[PDB]
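Participant: Structure below; questions to follow.
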Amino acid sequence: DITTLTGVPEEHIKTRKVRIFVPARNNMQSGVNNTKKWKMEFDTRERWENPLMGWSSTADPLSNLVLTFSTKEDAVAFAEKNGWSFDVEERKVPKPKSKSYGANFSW
Amino acid sequence: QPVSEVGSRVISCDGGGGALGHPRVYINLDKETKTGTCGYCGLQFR
Amino acid sequence: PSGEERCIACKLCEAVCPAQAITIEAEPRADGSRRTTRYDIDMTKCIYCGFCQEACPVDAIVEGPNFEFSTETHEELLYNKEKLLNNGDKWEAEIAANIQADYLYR
Amino acid sequence: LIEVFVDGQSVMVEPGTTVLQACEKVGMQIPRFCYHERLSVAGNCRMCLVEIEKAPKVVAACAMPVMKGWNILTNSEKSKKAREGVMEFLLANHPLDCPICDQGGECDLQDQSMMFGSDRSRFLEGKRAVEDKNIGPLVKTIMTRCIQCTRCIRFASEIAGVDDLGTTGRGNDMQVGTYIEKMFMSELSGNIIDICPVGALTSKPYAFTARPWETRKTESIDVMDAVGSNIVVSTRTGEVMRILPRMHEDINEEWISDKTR
Amino acid sequence: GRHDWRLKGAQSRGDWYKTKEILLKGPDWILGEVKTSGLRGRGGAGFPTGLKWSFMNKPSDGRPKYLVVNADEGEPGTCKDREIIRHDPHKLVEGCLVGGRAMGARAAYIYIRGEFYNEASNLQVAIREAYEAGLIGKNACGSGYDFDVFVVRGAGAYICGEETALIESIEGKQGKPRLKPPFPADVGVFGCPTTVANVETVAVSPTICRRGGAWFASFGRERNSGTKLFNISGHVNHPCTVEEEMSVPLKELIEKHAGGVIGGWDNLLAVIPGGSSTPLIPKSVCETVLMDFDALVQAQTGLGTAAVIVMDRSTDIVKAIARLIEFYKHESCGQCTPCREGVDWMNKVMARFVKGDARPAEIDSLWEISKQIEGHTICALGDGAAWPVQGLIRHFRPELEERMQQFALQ
Amino acid sequence: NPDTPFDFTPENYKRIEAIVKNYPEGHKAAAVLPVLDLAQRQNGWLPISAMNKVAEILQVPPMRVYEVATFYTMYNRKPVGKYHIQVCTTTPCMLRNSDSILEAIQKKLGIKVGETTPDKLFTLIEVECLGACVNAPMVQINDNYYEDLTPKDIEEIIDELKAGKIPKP
Amino acid sequence: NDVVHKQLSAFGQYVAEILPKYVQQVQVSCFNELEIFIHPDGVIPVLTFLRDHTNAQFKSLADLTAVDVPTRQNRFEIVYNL
Amino acid sequence: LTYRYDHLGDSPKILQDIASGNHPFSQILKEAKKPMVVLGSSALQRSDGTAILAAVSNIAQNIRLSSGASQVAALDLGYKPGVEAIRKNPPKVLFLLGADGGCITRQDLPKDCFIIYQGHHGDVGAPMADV
Ligand SMILES: Cc1cc2nc3c(=O)[nH]c(=O)nc-3n(C[C@H](O)[C@H](O)[C@H](O)COP(=O)(O)O)c2cc1C
Ligand code: SF4
Ligand code: SF4
Ligand code: SF4
Ligand code: SF4
Ligand code: SF4
Ligand code: FES
Ligand code: FES
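Protein chains in written order, with the entry's author numbering: chain A, 60 to 166; chain B, 74 to 119; chain C, 107 to 212; chain D, 31 to 291; chain E, 47 to 456; chain F, 48 to 216; chain G, 51 to 132; chain H, 438 to 505, 520 to 582.
Structure below.
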């Protein structure tokens with residue numbers, strides 16, 4: 060634990076959680092590249108609206124933060140070094156599937 | 074604006090001039106039941 | 107020249123400004139043409155780099171020749187869409203003159 | 031299960047199975063359009079051409095099953111010239127609509143144009159363009175941006191089960207639009223807005239409202255059904271924009287309903 | 047074989063005779079009689095026909111095995127099958143029975159162009175007589191083997207000339223040819239294994255089964271075995287169908303069978319063997335090339351199924367090629383992209399060429415863009431559209447260029 | 048042709064069954080192409096209702112039927128004239144001067160290409176290789192090749208068309 | 051240029067042999083930039099010799115960059131130009 | 438439904454009949470590998486839902502002998532009956548969302564008009580609910 064070393068206010072090592080996962084493919088895309096490699100998104104908090112101009116004014120210190128990884132164990136251990144609450148999720152690689160142009164012409 | 078009409082078929086609308094208007098686009102006129110409004114220009118055709 | 111506005115909310119002016127001064131919120135025209143609802147910008151954050159000037163495919167937003175508009179109150183800096191149009195109305199012969207004199211080099 | 035060489039390294043690939051699936055197994059990714067797993071293979075849109083280790087002419091990656099210790103140079107120069115070759119053809123008619131087309135943020139055709147397609151244009155004539163075919167409350171057909179990966183029909187006949195829409199005509203002028211004005215309503219009509227390769231078919235209700243690089247993409251699950259399908263909700267800052275399916279083998283698998291969408 | 051299309055006329059060809067004997071209830075020897083005959087594809091494929099048919103030899107697997115003659119009149123310059131079917135249905139029928147037996151095939155559908163209505167009808171009549179004599183069906187002209195012919199009509203689709211496209215045309219699906227590797231040899235119509243053959247091949251097969259197949263081998267070059275019909279057309283004195291030895295030089299067959307060239311001009315000029323095959327410059331065309339297809343391969347050219355397009359310089363070559371490419375552009379379904387869009391592309395340019403409005407540098411790109419299609423489309427029609435143009439760029443460049451500048455003066 | 052009306056004659060049901068027999072029992076869809084021809088043989092034209100009718104007969108979805116109706120050239124969504132002229136346009140006839148032919152007929156009717164005569168009896172159409180390539184300029188009008196054409200000859204044959212009889216000459 | 055890539059290569063080998071108590075690897079970025087690794091304890095001794103002549107009279111730090119990376123058993127990754 | 442499938446008759450009829458193997462369909466159900474019987478939630482009401490469940494359960498028993520939202524969550528934690536059939540009128544109902552069941556009847560309301568409504572739309576439940 061390195062909580063004292065980081066200047067981070069207690070609130071945000073406490074009352075919020077990281078949410079490790081390998082990101083899903085954008086489904087509009089047929090691409091696969093961005094899918095791989097663990098990342099460490101935090102939970103969303105409140106974000107209201109600017110009384111003037113209608114801007115999405117926001118309070119939380121660290122909403123936009125996000126971090127890539129090569130391995131999940133490294134990620135969990137990472138947050139543990141930070142003393143972080145976490146929600147590890149499985150890599151969900153698609154099952155391989157059989158394909159056949161001629162099966163379309165059975166009968 | 075008056076609706077421009079041409080006896081041909083497909084036409085190209087650049088929004089007026091070359092390289093000062095919207096990207097060149099061709100507005101089809103397959104259906105005479107409706108005008109051919111330009112995507113960017115907003116100018117109808119038939 | 108038709109009197110129609112040029113902007114078509116391809117919204118990449120938002121997507122290329124380094125200061126991200128721009129904020130856009132398009133909704134469909136009743137006619138069904140793409141349009142902005144609240145194009146806005148704030149000179150408080152804009153750095154006058156002229157990336158927006160380059161970026162627009164329909165050449166809508168333009169970095170105008172006017173260089174003086176120092177003002178009393180911060181809230182005035184944060185231009186609304188209507189304000190930009192009024193600036194486009196005030197200067198149009200002028201701007202069209204510059205672009206006319208310049209575009210070949212682009 | 032047969033040994034097969036992806037460009038260099040040996041791979042003990044499953045018997046049969048398409049060359050595409052082989053390189054997918056090594057993880058290298060062939061450029062694609064018309065093919066789609068959870069759909070069906072087809073020979074159109076020959077953007078997947080790849081070069082055999084020895085046989086002089088390239089073959090569609092999703093066509094030929096691998097066998098007998100094949101080697102395949104995905105990065106081979108002749109393959110690359112092939113891909114540029116095709117891409118110029120696809121771009122020979124797709125209308126200059128990127129700024130307005132609502133697919134503009136992530137249309138696969140753009141990225142394929144970047145990664146592979148030659149940058150100079152060298153078409154110098156006149157694009158064909160065609161009238162719209164109105165279809166229902168939802169989908170905003172535009173066509174013209176159509177590239178005849180039949181895909182959507184292979185969606186309809188093979189999953190929605192409706193075969194109302196289909197290809198029509200020959201050569202250029204052939205159209206994936208259904209003949210006759212009749213509206214196509216179905217419960218899986220919404221998912222095509224996902225499936226459609228380009229902006230030729232995009233959701234009217236969400237149209238114009240937002241751009242892909244903007245929205246944050248939260249993961250969760252549907253509630254309109256107790257079926258509990260996984261999803262990617264997408265919000266442009268403090269407000270939901272659009273829903274998309276998130277693939278999951280036990281349930282939705284890349285699909286989603288429609289009332290939920 | 048031109049005279050009397052009825053069975054009475056087949057008697058001039060000697061009818062069936064010992065055909066019942068040919069049915070020894072096993073292809074095999076006749077199959078060998080085919081393989082030894084050295085016959086190759088008359089569809090312009092040129093594939094070893096006996097080898098081609100041997101592929102179906104495998105013990106049934108229980109799915110009924112079929113046969114489908116590729117009868118069509120789509121290619122330009124090609125009117126070979128017309129007078130044939132109009133004047134000798136029966137030998138074609140006998141070939142259907144013999145070769146259908148060669149597959150052991152249950153049946154023989156035969157697709158036609160729908161334009162051939164009247165003789166699809168007369169064919170239907172002669173086939174009806176074939177049922178009347180007990181020649182076909184149960185037992186079928188002796189030997190006791192059942193076999194079942196049919197003849198489908200078409201409807202204005204030259205793409206159906208391609209075999210897999212035709213198979214796909216049969217089920218009521220559009221003439222959109224299947225992707226490889228499944229084959230009619232593997233999965234043809236419906237789901238059952240099938241096969242396809244040019245009218246020449248099937249009509250002449252029983253004659254291989256009577257007169258020696260080695261006798262077939264005797265003619266032409268050994269790798270260009272046998273004989274073939276030769277249409278002659280274009281600037282020619284007496285245009286006509288003429289079957290002939292494969293090895294025959296072209297100036298020979300023209301200046302003999304065809305009534306000769308109209309002058310020494312065209313001898314200097316291009317003359318196209320078939321259509322999809324490229325035109326060739328030389329005053330020494332035939333003087334070099336021999337009509338047997340391999341000799342044309344020496345000339346970087348296909349046989350084109352032996353249709354012949356004589357072309358005098360009274361006519362500009364460019365107008366002809368352009369109109370040809372128009373003929374392609376109207377027809378190619380377009381399911382595979384490079385064809386669908388590239389062919390139209392080439393037409394769009396050729397228009398500028400006949401206009402002569404094009405800048406010269408374009409031609410290289412054209413020749414370049416042709417390369418892009420040249421191997422890629424899923425079926426040969428795109429390739430067939432591709433080649434001739436490459437030949438034209440290979441050759442008659444100055445005509446093009448000078449046409450360009452002379453327009454450029456304006 | 049507002050989705051109405053159409054129905055087959057009984058003799059036609061007879062014929063279509065007689066040819067539907069020609070296909071293996073597992074898949075009747077193969078019957079689609081010939082059947083349309085008969086409708087074409089009947090109406091002389093193809094109202095959409097007829098397509099729906101055939102579709103209902105073979106149980107196949109109407110859309111596949113439309114695919115077939117459109118994909119081919121011989122079918123005719125627009126009404127044809129009592130004599131639907133159709134004529135070679137591919138190069139070998141051009142080498143044999145098909146131009147003088149088409150120009151002769153055009154000089155006659157005054158029709159320009161695909162437009163019908165107002166009398167609605169003739170419909171000129173330039174046509175891709177008829178496959179009768181061996182022979183001189185050629186024309187066919189509803190399944191009837193005419194050959195060794197001379198521009199006056201065709202005119203004479205339009206005359207004989209008005210005489211109500213034709214050979215195949 | 052091939053030449054520079056050669057000289058840097060050989061020189062990398064040269065130092066690799068002169069003092070291999072710690073040079074984990076002497077990768078040459080293909081655009082002519084040599085860059086050896088060091089065990090963290092080994093910093094002073096290497097750099098020391100790096101000023102000291104043999105050819106390594108690489109005087110003056112250009113910089114002391116500190117690339118970060120969340121992964122890895124130890125995240126921070128220090129770098130010394132010379 | 439889009440695909441070919443056998444159509445049956447009426448509840449107790451075809452159900453209890455196949456359950457007693459009166460239906461020929463019961464036979465094909467017998468020879469079938471890993472049989473799946475699916476019963477919709479809609480059937481569970483229909484006046485006598487329990488009877489329908491009993492019939493389908495018997496079919497399950499037969500196969501084995503031969504051999505060869521706001522719903523499933525509550526039953527994961529036993530909130531049955533779940534149905535409003537306990538009543539016995541009980542004052543002060545507490546809607547989580549009366550937009551659904553508020554369409555039914557407000558019969559307890561004359562006895563007690565009060566209804567806390569913890570919804571997220573003004574639909575149905577809100578207008579007929581205090582607090
Ligand atoms: C009348 C006719 C038209 C043909 N048209 C085409 C065509 O348009 N495209 C094509 O690729 N092949 C075409 N072919 C060739 C077929 O694809 C097939 O390979 C051939 O007919 C069979 O050759 P074989 O008779 O030598 O076995 C045609 C063949 C015939 C007889
Ligand atoms: S570029 Fe100019 S016009 Fe196109 S969207 Fe951004 S601002 Fe609106
Ligand atoms: S001015 Fe320069 S910085 Fe401010 S928005 Fe336009 S481009 Fe981006
Ligand atoms: S979506 Fe269609 S139009 Fe918009 S960019 Fe991608 S390709 Fe060009
Ligand atoms: S519909 Fe969607 S898939 Fe079918 S062609 Fe048009 S774009 Fe490609
Ligand atoms: S390849 Fe090109 S031409 Fe041959 S069939 Fe497929 S599309 Fe038609
Ligand atoms: S997917 Fe291989 S051809 Fe389009
Ligand atoms: S050449 Fe034109 S029809 Fe035969």
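Here a beta-carbon is modelled for each residue, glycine too, at the ideal position from N, C-alpha and C.
Comparing alpha-carbon positions, which option in A:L64, A:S144, A:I79 and A:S89 lies nearest A:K131?
Facilitator: The candidate whose alpha carbon is nearest that of A:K131 is A:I79.
Participant: Kindly examine ligand 2 and report whether one of its heavy atoms sits closer than 7 Å to the Cβ of B:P75.
Facilitator: B:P75 Cβ: outside cutoff for every heavy atom of ligand 2.
Participant: Indicate whether C:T143 and C:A132 have their beta-carbon atoms separated by less than 8 Å.
Facilitator: The answer is yes: Cβ separation under 8 Å.
Participant: Give the range of the beta strand (DSSP E) segment to which F:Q133 is assigned.
Facilitator: Note, F:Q133: beta strand (DSSP E), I132 to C135.
Participant: Shortest alpha-carbon distance to H:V523 belongs to which of D:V56, D:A240, D:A256 and D:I273?
Facilitator: The shortest C-alpha separation from H:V523 is found at D:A256.
Participant: Report yes or no: do the segment 108 to 116 of chain E and the segment 265 to 280 of chain D share at least 3 C-beta pairs separated by less than 8 Å?
Facilitator: Taking 8 Å as the limit for Cβ pairs, the verdict is that the segment 265 to 280 of chain D does not touch the segment 108 to 116 of chain E.
Participant: Looking at chain E, is there any beta carbon in it that lies within less than 8 Å of the beta carbon of F:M98?
Facilitator: Answer no: the Cβ-Cβ gap between F:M98 and chain E never drops below 8 Å.
Participant: What in chain F is Cβ-close to E:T287, meaning under 7 Å?
Facilitator: Under the 7 Å cutoff, chain F gives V181.
Participant: Can you look up A:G66 in the DSSP assignment and give me helix, strand or coil?
Facilitator: Note: A:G66 maps to coil in three-state DSSP.
Participant: When you compare the segment 169 to 185 of chain F with the segment 125 to 135 of chain F, are there three or more beta-carbon pairs, one atom per stretch, that lie closer than 8 Å?
Facilitator: Enough Cβ pairs lie closer than 8 Å, so yes.
Participant: Rounded to whole angstroms, what's the CA-CA distance from B:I100 to D:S233? Just pull it up for me.
Facilitator: Whole-angstrom Cα-Cα distance: 22 Å.
Participant: Does the Cβ of D:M117 have 16 or more other Cβ atoms within 10 Å, making it buried, or fewer, making it exposed?
Facilitator: It counts as buried.
Participant: What's the C-alpha gap between A:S116 and A:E105?
Facilitator: Their backbone Cα atoms lie some 10 Å apart in a straight line.
Participant: At a CB distance below 9 Å, what residues from the segment 174 to 185 of chain C approach chain A? Give them in sequence order.
Facilitator: Result list: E181 and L184.
Participant: Do G:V96 and G:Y64 count as a contact pair if the criterion is CB distance below 8 Å?
Facilitator: Not a contact, by the Cβ cut-off of 8 Å.
Participant: With DSSP as the reference, label C:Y211 as helix, strand or coil.
Facilitator: Looking at C:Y211 - three-state DSSP - the assignment turns out to be helix.
Participant: Give me whichever residues DSSP pairs with B:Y99 in a beta bridge.
Facilitator: Paired residues: B:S85.
Participant: Quick check on the contact list: which residues have their beta carbon closer than 6 Å to a heavy atom of ligand 5?
Facilitator: Listed along the chain, these residues meet the criterion: D:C176, D:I177, D:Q178, D:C179, D:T180, D:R181, D:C182, D:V206, D:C226, D:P227, D:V228, D:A230 and D:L231.
Participant: Just checking: is the beta-carbon of C:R212 within a distance shorter than 8 Å of some beta-carbon in chain A?
Facilitator: Chain A contact via Cβ: absent.
Participant: Taking 8 Å as the cut-off, decide whether the C-beta atoms of D:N221 and D:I261 are in contact.
Facilitator: No, Cβ-Cβ distance for D:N221 and D:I261 is not below 8 Å.
Participant: Skipping 5 residues on each side, what residues in its chain have a beta carbon closer than 7 Å to that of G:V119?
Facilitator: Closer than 7 Å at the Cβ level, and outside the excluded window around G:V119, lie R125 and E127.
Participant: Give me, in chain order, the residues of the same chain whose beta-carbon lies closer than 6 Å to that of A:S159; leave out the 5 immediate sequence neighbours on both sides.
Facilitator: Once the five neighbours on either side are set aside, A:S159 has no close Cβ partner at all.
Participant: For the segment 553 to 578 of chain H, list the beta strand (DSSP E) runs that are entirely contained and at least 3 residues long, ordered along the chain.
Facilitator: DSSP runs (the beta strand (DSSP E)) wholly in the segment 553 to 578 of chain H: 566 to 568.
Participant: Out of D:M97, D:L168, D:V192 and D:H66, state which residue places its alpha-carbon closest to the alpha-carbon of F:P109.
Facilitator: That would be D:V192, whose Cα lies nearest to the Cα of F:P109.
Participant: Which of the residues in the segment 77 to 107 of chain B, read from start to end, lie with their CB under 9 Å from any CB of chain D?
Facilitator: Hits within the stretch, in order: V83, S85, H95, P96, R97, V98, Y99, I100, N101, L102, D103, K104 and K107.
Participant: At 7 Å on the CB atoms, spell out the chain E contacts of A:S165, in chain order.
Facilitator: The answer, in chain order, is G237.
Participant: Let me check understanding here. Comparing Cα to Cα, which of G:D52, G:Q74, G:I68 and G:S79 lies closest to G:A106?
Facilitator: For G:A106, the nearest C-alpha among the options comes from G:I68.
Participant: Using 8 Å for Cβ pairs, my map puts B:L102 next to B:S77. What's the rounded Cβ distance?
Facilitator: Contact doesn't hold; Cβ gap of about 11 Å is too wide.
Participant: Could you give the C-beta distance for E:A316 and E:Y374, rounded to a whole number, given that I count them as a contact under 8 Å?
Facilitator: E:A316 to E:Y374, Cβ: 18 Å. No contact.
Participant: Roughly how many angstroms lie between the CA atoms of C:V122 and G:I86, to the nearest whole one?
Facilitator: Each residue's alpha carbon lies about 39 Å from the other.
Participant: Can you tell which of H:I489, H:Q569 and H:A480 has the C-alpha that lies nearest to the C-alpha of H:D551?
Facilitator: The option with the nearest alpha carbon to H:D551 is H:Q569.
Participant: In this structure, how does DSSP classify E:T351 when only helix, strand and coil are distinguished?
Facilitator: Three-state result, E:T351: helix.
Participant: Say whether chain F places a C-beta atom closer than 8 Å to the C-beta of D:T47.
Facilitator: Cβ-Cβ to chain F under 8 Å: no for D:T47.
Participant: Given 8 Å as the limit, is there contact between the segment 418 to 431 of chain E and the segment 62 to 71 of chain F, that is, 3 or more CB pairs closer than that?
Facilitator: The segment 418 to 431 of chain E vs the segment 62 to 71 of chain F: no contact.
Participant: List the residues of chain E that F:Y113 touches, going by C-beta distances under 9 Å, in chain order.
Facilitator: Neighbours of F:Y113 on chain E: none; closest Cβ ~11 Å, over 9 Å.
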